[PDB]
Amino acid sequence: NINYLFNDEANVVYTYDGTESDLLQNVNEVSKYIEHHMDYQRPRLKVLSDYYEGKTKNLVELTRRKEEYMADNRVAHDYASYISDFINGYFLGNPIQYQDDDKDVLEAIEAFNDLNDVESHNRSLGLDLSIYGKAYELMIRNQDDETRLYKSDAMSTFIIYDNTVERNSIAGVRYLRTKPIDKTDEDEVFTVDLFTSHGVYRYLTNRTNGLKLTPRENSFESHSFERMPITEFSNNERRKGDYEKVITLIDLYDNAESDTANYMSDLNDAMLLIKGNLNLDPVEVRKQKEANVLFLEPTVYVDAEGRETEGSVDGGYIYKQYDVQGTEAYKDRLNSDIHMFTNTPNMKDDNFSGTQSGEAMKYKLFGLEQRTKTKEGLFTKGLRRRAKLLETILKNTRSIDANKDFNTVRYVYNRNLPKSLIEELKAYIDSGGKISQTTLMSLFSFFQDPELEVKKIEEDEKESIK
Amino acid sequence: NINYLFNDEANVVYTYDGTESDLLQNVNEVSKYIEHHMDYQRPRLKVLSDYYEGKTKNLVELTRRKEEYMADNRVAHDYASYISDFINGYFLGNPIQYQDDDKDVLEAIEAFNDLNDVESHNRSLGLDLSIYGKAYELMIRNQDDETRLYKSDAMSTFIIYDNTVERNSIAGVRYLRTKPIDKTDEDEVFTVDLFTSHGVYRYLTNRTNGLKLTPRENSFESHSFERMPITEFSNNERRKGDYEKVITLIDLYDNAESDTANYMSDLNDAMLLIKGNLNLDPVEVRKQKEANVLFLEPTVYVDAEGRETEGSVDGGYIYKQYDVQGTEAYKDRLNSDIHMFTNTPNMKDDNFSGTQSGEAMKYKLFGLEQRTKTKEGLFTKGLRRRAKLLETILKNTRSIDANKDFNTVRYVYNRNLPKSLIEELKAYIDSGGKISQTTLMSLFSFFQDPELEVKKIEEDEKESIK
Amino acid sequence: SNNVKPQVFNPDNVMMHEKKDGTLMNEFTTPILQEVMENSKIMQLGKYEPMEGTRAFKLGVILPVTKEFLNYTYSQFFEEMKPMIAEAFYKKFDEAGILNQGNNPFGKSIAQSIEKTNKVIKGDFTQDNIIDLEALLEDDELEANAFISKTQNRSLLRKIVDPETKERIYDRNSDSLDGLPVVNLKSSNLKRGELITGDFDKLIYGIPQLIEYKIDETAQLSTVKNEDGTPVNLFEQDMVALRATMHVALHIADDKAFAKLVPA
Amino acid sequence: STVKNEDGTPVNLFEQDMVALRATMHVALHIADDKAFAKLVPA
């Protein structure tokens, strides 16, 4: 964990001094970047992903476990998923709305969004932003001649930026292990796709030969954009994940719970302790559950001079016990801190304010709102690049007039806070709102036929004339 | 820590007695300032940044740790991030608005802001203000002939000021290490940019030779401003960060919690203690988990004169324990003090009234508002310089009439408090407000088509005429 | 193993955290490359040949490391060492192809080409001897492409001036002689007073397999014996090793294309 | 270990740069009634 998440070589930004041409003529440089990514950045991302899947350290670190006769009782709590799903839903659970002053651009955007199911795509990006801290999307002109948008996995994609303060993206790379499922032999073959501002170059490598890039079939392929098609989004200016900073506390909670599970499994709850010199028949001991009287008769010792004295018999129940106060106060502190440092509502120490939920939520999530507003800023910074790409491909296909401009689009964000349609209708119709009958009926589910009802009303209103 | 954060040479303001020419003719003086910055100021900024990244001292101080058989259980709590994100979101989570009496200037400002995405930029400055206590911004006329604004990293930028009471900025410097990823060789070359009121000088240096500034390819590069382009913002009069003064409490909390985690890992929760001279078969002891009766038979000792006497057997459970009261009171005090000295809401000791989440918030954040109101002043003091630069470049490019003046702009700040659109609509339409139907519909998300609804209402309103 | 004094290995090639005298390299500062990495000269001069299969030969080395060394003394060792292996291979290939040294497996080399054609000049470095060296190539219609030299003889080259133009025939800044580039060999086999030249386009090489690196933790190293003489087991002794292999192929298309100058 | 080098040392796959394939299978057989089988043989 620590040695991967907090290493200095992980989470860096790759930069290159030369131009795209200076890089592309010397493809070995890209191999150096790929190797550095595999050796430093990928481990971090794999660890974060494992936590999202709940494969926490406690499950895999079997090295020091005991199972000679006791149970293993190793445990994983899934806080990482709880946190990331909550934070992502709060940010993008409600679709981003688009406004523009020019309807031609607005409808071109809306057409592209509908074709690509952009709502779900945006949510999946927000989720990757939550777990890995960064996310990538690739835009491609499809074989069926349509502009498509696809997410690119963080563990297999990265971008090399211009060294200047402007940090334009010079080139992006994607690489994937190609294998049969039979896992016969060498898993270590990678396909590499290198994206430049004018096309895709395709190569093969394996980790074995030190990743020297070999041209694939169809080794080059032109694309009609005029800038590198991959886009990168950041969770924050450090590109750090949401639970990445509390993984050590999640570990401590795993350990403490597995400790108590061991204590429960391995010690006897209670026993009848019998002391003193005596005869116990193991056949008679089976009556222990059904006897009412326990009679202990002490051994009488006879002295050689004739004295007599008795042994000390004794009997009573004993039971195991542990420091409940201190262990529960400690485990509660860990849980409380995991929620505090992630601005997630601590369900165990929570009270519903009165009867109305929205404003109580806006209070309790105030700390989460502060981070989300920055995430929102970086997200819009990325969406503008997606729009720049879309307008460029539309113009190059002349699917829109070259006169249009896409940077005027206004991205409007809404949080996924709970809402109350009754209070909102009352607030909209008071203060002068208007609603068409069919729409108003469509809002209430007690109408079995929201349209037939209109005819059924016309009949009544007609016979009311007579 | 202490020796770096509270040292006297860190956090000083560099001044120079001579004019810009007196400095520029003797560039070796810039070598002395760069050297001082590296040896005193940068360490402090590195520590503050490590704390924002959660790499607290407790994670890296492995020097005295133990791992011969116990676990490491080192821990980091991320208070620095929690604090900084909260305070910055509160100050700049809501974009700064602009007012002016002249629409020509107002639209030139707004055009520049839109091109540079100034909203996100301002937030990233307010964050650097919160981490390091100071932040920088560089303005440049781009190659494509556009006015661009870029934040400059606090760890690699500083300014040398005029010695007089007015403290005009004489020169700004930026210096960065240049390397490919595969080299870790002796000559750690730093590229140096020196910004003066007429241009940029560029040099190369390395620490090995003593930071002798050597001229470079295109050793000078003119710019069209008439004052040094870099601008510095200060978090407060002292340029101190927000958690700089509580890092020692954060450390104490890390140590206390890792201490409890050691106590939990290394001691057995409970054990069955058996005393006295006895025969225990380690094969029989495995029944301990499932036996109901424990029978202890004492050894009988026979005296040479024939006496008989019994050994003292005993048995019972024992369990580990720690001072939960005193340790929890101490750790609660640390948490309370960390929040108190940073005016951040203490979530563990908090209660909320009703549903006006803005008003109890203004009560509880009253202490935080007092500091933010000062930071707002210094931030505007910086924004005015940004505007002075923008007007100068616009006039020298004759993109605006030389008659205009930018100091009339009024910067309006709003806090990121929660708001209640229903309460506000009721307060705005009461007291005589007016809203257009399409806008009013755009406020409520139960309208699936806010514009189609108007046509759909016209149809109803038409058939109502018959 | 159960030996509590550090394990003596034969040969002593295993990296260790604890020296034979018991010194422990804890908190050990990372070394630095005080010399620049060397590069293959025949890969710099010669002509590359696209190849599969064929005549090649395999270079290889195995670096064993104690996992205490790999944990406490120097964690990044293997990553910092891959350049150094690649250098060792380059030097081995250069020394085999150029000087016919180091038990070269090929039956081909520049030293053998020169010794066969007897295209050797006895003499000190002089403008006339440099011209004669070049003329041994142009006699057979071949023009010199570069020079190979021991860097320690630049002191001799600076002493030669053209008596017509009255200027240095050797540009010490360009490191080019009579307008031709001079490449330097660090190997100990090329003596001070010796200089080699040829039309290196006539020297052809190929690389069927680029350097392959595998790291392993469970092999046996039969080539390294414990003090008791038993072979080292990586897993059992808690030790790690890196294997590197490479294939190289060498061909000389015209063995008269090379000439040599040597002290009298 | 079953294959030896020319010098008699056991073949080490790593140190020699070799690869080897192992195939294994578990199979069980049972005659439920020894009388259920008969054979015709040339005299």
# chains A, B, ... in the order shown; residues from 1 in each chain; ligands from 1
call {"tool": "calpha_fit_rmsd", "arguments": {"fixed": "chain B", "moving": "chain A"}}
result
0.5 Å
call {"tool": "interface_residues", "arguments": {"of": "chain A", "to": "chain D", "cutoff": "12 Å", "atoms": "only C-alpha atoms", "output": "PyMOL selection string"}}
result
chain A and resi 184-186
call {"tool": "closest_residue", "arguments": {"among": "C:173, C:26, C:103, C:226", "to": "chain B", "atoms": "only C-alpha atoms"}}
result
C:26
call {"tool": "atom_distance", "arguments": {"atom1": "atom CA of residue A:355", "atom2": "atom CA of residue A:79"}}
result
28.7 Å
call {"tool": "closest_atom_pairs", "arguments": {"of": "chain D", "to": "chain C", "cutoff": "7 Å", "atoms": "only C-alpha atoms", "output": "CSV"}}
result
residue,atom,partner,partner_atom,distance
D:12,CA,C:220,CA,6.8
D:14,CA,C:219,CA,6.0
D:15,CA,C:221,CA,6.5
call {"tool": "closest_residue", "arguments": {"among": "A:99, A:403, A:214, A:116", "to": "chain C", "atoms": "only C-alpha atoms"}}
result
A:214
call {"tool": "closest_residue", "arguments": {"among": "B:188, B:337, B:257, B:328", "to": "chain C", "atoms": "only C-alpha atoms"}}
result
B:188
call {"tool": "interface_residues", "arguments": {"of": "chain C", "to": "chain B", "cutoff": "9 Å", "atoms": "only C-alpha atoms", "output": "PyMOL selection string"}}
result
chain C and resi 27+32-34+36
call {"tool": "write_last_selection", "arguments": {"atoms": "C-alpha atoms", "output": "mmCIF file, in the first residue's frame"}}
result
data_model
loop_
_atom_site.group_PDB
_atom_site.id
_atom_site.type_symbol
_atom_site.label_atom_id
_atom_site.label_comp_id
_atom_site.auth_asym_id
_atom_site.auth_seq_id
_atom_site.Cartn_x
_atom_site.Cartn_y
_atom_site.Cartn_z
ATOM 1 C CA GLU C 27 20.332 4.056 5.003
ATOM 2 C CA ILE C 32 25.529 8.033 -9.132
ATOM 3 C CA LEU C 33 26.822 7.375 -12.660
ATOM 4 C CA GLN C 34 30.045 9.366 -12.464
ATOM 5 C CA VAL C 36 28.538 8.444 -18.959
#
call {"tool": "interface_residues", "arguments": {"of": "chain A", "to": "chain B", "cutoff": "6 Å", "atoms": "only C-alpha atoms", "output": "ChimeraX atom specification"}}
result
/A:267-268,271-277,303-304,320,322-323,326,359-360,363,370,377,436
call {"tool": "write_last_selection", "arguments": {"atoms": "N, CA, C and O atoms", "output": "mmCIF file, in the first residue's frame"}}
result
data_model
loop_
_atom_site.group_PDB
_atom_site.id
_atom_site.type_symbol
_atom_site.label_atom_id
_atom_site.label_comp_id
_atom_site.auth_asym_id
_atom_site.auth_seq_id
_atom_site.Cartn_x
_atom_site.Cartn_y
_atom_site.Cartn_z
ATOM 1 N N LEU A 267 -11.974 -18.634 21.660
ATOM 2 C CA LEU A 267 -12.117 -18.857 23.094
ATOM 3 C C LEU A 267 -13.501 -19.367 23.462
ATOM 4 O O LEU A 267 -14.509 -18.954 22.886
ATOM 5 N N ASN A 268 -13.533 -20.266 24.443
ATOM 6 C CA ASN A 268 -14.781 -20.824 24.938
ATOM 7 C C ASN A 268 -15.562 -19.764 25.698
ATOM 8 O O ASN A 268 -14.997 -19.036 26.513
ATOM 9 N N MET A 271 -17.241 -22.013 30.995
ATOM 10 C CA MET A 271 -16.993 -23.382 31.407
ATOM 11 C C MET A 271 -17.294 -23.532 32.886
ATOM 12 O O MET A 271 -17.149 -22.588 33.662
ATOM 13 N N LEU A 272 -17.712 -24.732 33.269
ATOM 14 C CA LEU A 272 -17.847 -25.075 34.678
ATOM 15 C C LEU A 272 -16.492 -25.534 35.186
ATOM 16 O O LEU A 272 -16.027 -26.614 34.824
ATOM 17 N N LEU A 273 -15.853 -24.726 36.018
ATOM 18 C CA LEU A 273 -14.551 -25.045 36.575
ATOM 19 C C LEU A 273 -14.729 -25.808 37.877
ATOM 20 O O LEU A 273 -15.421 -25.336 38.783
ATOM 21 N N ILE A 274 -14.087 -26.969 37.977
ATOM 22 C CA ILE A 274 -14.116 -27.790 39.183
ATOM 23 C C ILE A 274 -12.685 -28.037 39.624
ATOM 24 O O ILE A 274 -11.879 -28.564 38.851
ATOM 25 N N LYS A 275 -12.378 -27.678 40.864
ATOM 26 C CA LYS A 275 -11.064 -27.845 41.459
ATOM 27 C C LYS A 275 -11.113 -28.868 42.583
ATOM 28 O O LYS A 275 -12.161 -29.119 43.176
ATOM 29 N N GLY A 276 -9.930 -29.265 43.014
ATOM 30 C CA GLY A 276 -9.724 -30.180 44.126
ATOM 31 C C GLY A 276 -9.667 -31.633 43.706
ATOM 32 O O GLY A 276 -10.235 -32.050 42.704
ATOM 33 N N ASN A 277 -8.980 -32.420 44.529
ATOM 34 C CA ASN A 277 -8.747 -33.839 44.278
ATOM 35 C C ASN A 277 -10.050 -34.621 44.317
ATOM 36 O O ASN A 277 -10.718 -34.666 45.353
ATOM 37 N N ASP A 303 -3.223 -39.281 58.243
ATOM 38 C CA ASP A 303 -1.842 -39.128 58.659
ATOM 39 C C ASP A 303 -1.351 -40.432 59.263
ATOM 40 O O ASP A 303 -2.129 -41.216 59.808
ATOM 41 N N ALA A 304 -0.042 -40.663 59.175
ATOM 42 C CA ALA A 304 0.482 -41.919 59.694
ATOM 43 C C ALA A 304 0.228 -42.042 61.187
ATOM 44 O O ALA A 304 0.080 -43.155 61.700
ATOM 45 N N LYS A 320 -15.355 -16.046 29.448
ATOM 46 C CA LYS A 320 -14.415 -15.150 28.786
ATOM 47 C C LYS A 320 -14.993 -13.750 28.680
ATOM 48 O O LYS A 320 -16.208 -13.559 28.638
ATOM 49 N N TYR A 322 -13.838 -9.454 27.237
ATOM 50 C CA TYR A 322 -12.872 -8.569 26.591
ATOM 51 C C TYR A 322 -13.263 -7.114 26.811
ATOM 52 O O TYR A 322 -14.394 -6.801 27.179
ATOM 53 N N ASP A 323 -12.301 -6.224 26.569
ATOM 54 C CA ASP A 323 -12.454 -4.785 26.794
ATOM 55 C C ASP A 323 -13.398 -4.168 25.766
ATOM 56 O O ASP A 323 -12.992 -3.518 24.797
ATOM 57 N N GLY A 326 -13.175 -0.111 25.449
ATOM 58 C CA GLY A 326 -12.067 0.442 24.701
ATOM 59 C C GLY A 326 -12.065 0.022 23.252
ATOM 60 O O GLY A 326 -11.790 0.842 22.368
ATOM 61 N N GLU A 359 -33.021 20.744 2.728
ATOM 62 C CA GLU A 359 -32.129 21.708 3.358
ATOM 63 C C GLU A 359 -31.247 21.060 4.415
ATOM 64 O O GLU A 359 -30.088 21.458 4.581
ATOM 65 N N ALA A 360 -31.759 20.061 5.127
ATOM 66 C CA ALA A 360 -30.897 19.325 6.041
ATOM 67 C C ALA A 360 -29.750 18.665 5.290
ATOM 68 O O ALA A 360 -28.609 18.643 5.769
ATOM 69 N N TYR A 363 -27.174 21.251 4.376
ATOM 70 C CA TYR A 363 -26.296 21.504 5.514
ATOM 71 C C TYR A 363 -25.270 20.393 5.683
ATOM 72 O O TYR A 363 -24.067 20.656 5.767
ATOM 73 N N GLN A 370 -18.002 21.837 -1.210
ATOM 74 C CA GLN A 370 -16.803 22.626 -1.468
ATOM 75 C C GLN A 370 -15.843 21.928 -2.425
ATOM 76 O O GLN A 370 -15.272 22.571 -3.311
ATOM 77 N N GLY A 377 -15.291 22.558 -11.869
ATOM 78 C CA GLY A 377 -14.518 23.458 -12.708
ATOM 79 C C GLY A 377 -13.618 22.696 -13.661
ATOM 80 O O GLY A 377 -13.611 22.942 -14.873
ATOM 81 N N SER A 436 -50.184 23.122 -18.744
ATOM 82 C CA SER A 436 -51.195 22.497 -19.582
ATOM 83 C C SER A 436 -51.786 21.287 -18.871
ATOM 84 O O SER A 436 -51.082 20.552 -18.175
#
call {"tool": "select_by_dssp", "arguments": {"residues": "stretch 121-185 of chain C", "states": "strand (DSSP E)", "output": "PyMOL selection string"}}
result
chain C and resi 121-122+146-150+161-162+167-168+170-171+176-177+180-185
call {"tool": "atom_distance", "arguments": {"atom1": "atom CA of residue A:452", "atom2": "atom CA of residue B:462"}}
result
19.9 Å
call {"tool": "residues_around", "arguments": {"residues": "residue A:338", "least_positions_apart": "5", "cutoff": "9 Å", "atoms": "only C-alpha atoms", "output": "PDB file with C-alpha atoms, in the first residue's frame"}}
result
ATOM      1  CA  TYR A  79     -15.746   1.545   2.471  1.00  0.00           C
ATOM      2  CA  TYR A 243     -10.548   7.454  -0.507  1.00  0.00           C
ATOM      3  CA  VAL A 246      -8.038   7.024   4.070  1.00  0.00           C
ATOM      4  CA  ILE A 247      -6.917   3.616   2.844  1.00  0.00           C
ATOM      5  CA  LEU A 249      -7.792   3.781   8.181  1.00  0.00           C
ATOM      6  CA  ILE A 250      -9.776   1.255   6.197  1.00  0.00           C
ATOM      7  CA  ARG A 333     -13.278   6.551  16.156  1.00  0.00           C
ATOM      8  CA  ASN A 343     -17.229  14.514   3.915  1.00  0.00           C
ATOM      9  CA  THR A 344     -19.604  11.565   3.749  1.00  0.00           C
ATOM     10  CA  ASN A 346     -21.895   9.353   9.211  1.00  0.00           C
TER      11      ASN A 346
END
call {"tool": "atom_distance", "arguments": {"atom1": "atom CA of residue C:158", "atom2": "atom CA of residue C:193"}}
result
13.7 Å
call {"tool": "select_by_dssp", "arguments": {"residues": "stretch 279-327 of chain A", "states": "alpha helix (DSSP H)", "output": "ChimeraX atom specification"}}
result
/A:324-327
